[PDB]
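**Student:** experimental coordinates for this protein are included below, preceded by the sequence.
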Amino acid sequence: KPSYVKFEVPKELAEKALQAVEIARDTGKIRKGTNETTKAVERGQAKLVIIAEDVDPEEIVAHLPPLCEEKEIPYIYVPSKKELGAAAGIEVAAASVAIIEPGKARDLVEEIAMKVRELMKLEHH
RNA sequence: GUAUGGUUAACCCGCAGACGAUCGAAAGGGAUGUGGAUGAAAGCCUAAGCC
Ligand SMILES: *O[C@H]1[C@@H](O)[C@H](n2cnc3c(=O)[nH]c(N)nc32)O[C@@H]1COP(=O)(O)OP(=O)(O)OP(=O)(O)O
């Protein structure tokens, strides 16, 4: 298990995280790739950040969970980084994706934002 | 004199790429860049370069 994964995410909740990227890709604006994601977080324009769990080395995305907590931006973990790139609409894999405007997925992001709040309180005791 | 340029183009497999393609000195920026296989007839036009 990676060290940058602060909390475990169930499969069913992670599957909706890909759907949010899929919907917001067509009905909103997302940013695919770790560089675009990092900029979207430090600029404070990212509604939800999605981080992959199969990132090696960790030093590529290990700074997002700390940065997202400072900027008070929710984040959720996805197992596959290739499926993450597929949901963003690119041929290659993606280590992280940032959702700027959810669009039609506005409701789905709210549901994920609540559960990542509850999952974060449980792992923190 | 000469096509490696045209009239005249497709269709296959591969390689690199959101761990950042193209562009840029960098900053920036964000999805293409490319190697090969068979085709690209005949005739005709042009002659940069080369001889
Ligand atoms: O048939 C051509 C050719 O034999 C000869 N010619 C002119 N330049 C070259 C060259 O660089 N390399 C070769 N191998 N042959 C060349 O000239 C013939 C054409 O006749 P012209 O001389 O009338 O026309 P051109 O424009 O070639 O030369 P010119 O008109 O200045 O004299």
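**Tutor:** Received, thanks. Numbers count the residues shown, from 1 in each chain, chains lettered A, B, ... in the order given.
**Student:** who touches the helix or strand where residue A:66 lies?
**Tutor:** Secondary structure from DSSP states H and E places residue A:66 in helix A:64-70. In this structure, residues lying in contact with helix A:64-70 by C-beta atoms under 8 Å, 6 or more residues apart in numbering are A:4, A:6, A:34, A:37, A:38, A:41, A:42, A:49, A:51, A:74, A:75, A:96. Using the backbone N, CA and C atoms, a C-beta is placed for each residue, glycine as well.
**Student:** nearest to RNA strand B, of those residues?
**Tutor:** When these are compared for distance to RNA strand B (C-beta to the nearest atom of the strand), residue A:34 comes out closest, at 3.2 Å.
**Student:** pull up the gap between the closest one and residue A:8, please.
**Tutor:** As judged by C-beta to C-beta, to the nearest Å, residue A:34 and residue A:8 stand 22 Å apart.
**Student:** is any part of stretch A:56-76 close to RNA strand B?
**Tutor:** Yes - for a cut-off given as C-beta under 7 Å from any atom of the strand, stretch A:56-76 has contacts with RNA strand B, namely A:56, A:57, A:60.
**Student:** what residues are up against residue A:115?
**Tutor:** With C-beta under 8 Å, 6+ apart, residue A:115 has these contacts: residue A:13.
**Student:** all set now, cheers.
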